[PDB]
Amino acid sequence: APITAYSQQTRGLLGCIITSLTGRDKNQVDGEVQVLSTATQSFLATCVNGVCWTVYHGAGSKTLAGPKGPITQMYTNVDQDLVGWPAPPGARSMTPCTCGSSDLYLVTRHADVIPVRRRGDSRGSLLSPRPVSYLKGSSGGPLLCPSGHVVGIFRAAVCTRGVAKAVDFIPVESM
């Protein structure tokens, strides 16, 4: 892996339950990728062109807690499994890839960067298999080309007997 990543936690359970109910987040936002949580799930959002994108099966139609109260989705597409909120200011916006590289890198919730071989518009194989438990909570995270540009957003693991051999992703064109 060429690209590197680290994470910073910003809230714990209590602030989270309360921030969900107020919809008001005063924390400073930073980073390309936001770690997100709702009552029942945990997932990621990738910032691209000033929009925070994530999976619909995680966010559904919910607002995002922001510094002025709840942020309404700017984009909701149930069939592509894709939603986007205007990025809070502070988020570092990435830029869509284009170059057509097929050496790809998935950023996970634990800030690991793993090598993916692009196989189709919305599919990739992992060069080494991983438990699927290791991928849980990373839906919405970025698939990057070697230059650090975004080709897509992770949607679903292709797996058997709890091991993931490939990933389904939403191509940056859909965005």
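Quick note: we count residues from 1 along the sequence shown, nothing fancier.
S.K.: What stretch has the higher average Cα B-factor here, 84-92 or 98-106?
M.R.: If you average the C-alpha B-factors of 84-92 and of 98-106, the larger mean comes out for 98-106.
S.K.: Compare the mean C-alpha B-factor of 162-170 with that of 11-19 as given in the PDB entry, and name the stretch with the higher value.
M.R.: Per the PDB record, 11-19.
S.K.: If I read the C-alpha B-factors straight from the PDB entry, which of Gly148, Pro115, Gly31, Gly140 is highest?
M.R.: Max CA B-factor in the entry, restricted to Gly148, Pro115, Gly31, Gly140: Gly148.
S.K.: Considering only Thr63, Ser125, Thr54, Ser122, which residue's Cα atom bears the greatest B-factor as recorded?
M.R.: Highest C-alpha B-factor among the listed residues goes to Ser122.
S.K.: Can you tell me which third, lowest, middle or highest, the CA B-factor of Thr46 falls into for its chain?
M.R.: Lowest third, going by the recorded CA B-factors of the chain.
S.K.: What third of its chain's C-alpha B-factors does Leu135 belong to: lowest, middle or highest?
M.R.: Answer is middle: the recorded C-alpha B-factor places it there.
S.K.: Is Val35 in the lowest, middle or highest third of its chain when residues are ranked by C-alpha B-factor?
M.R.: CA B-factor rank for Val35: lowest third.
S.K.: Looking at the C-alpha B-factor of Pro70, is it in the lowest, middle or highest third of its chain?
M.R.: Middle third.
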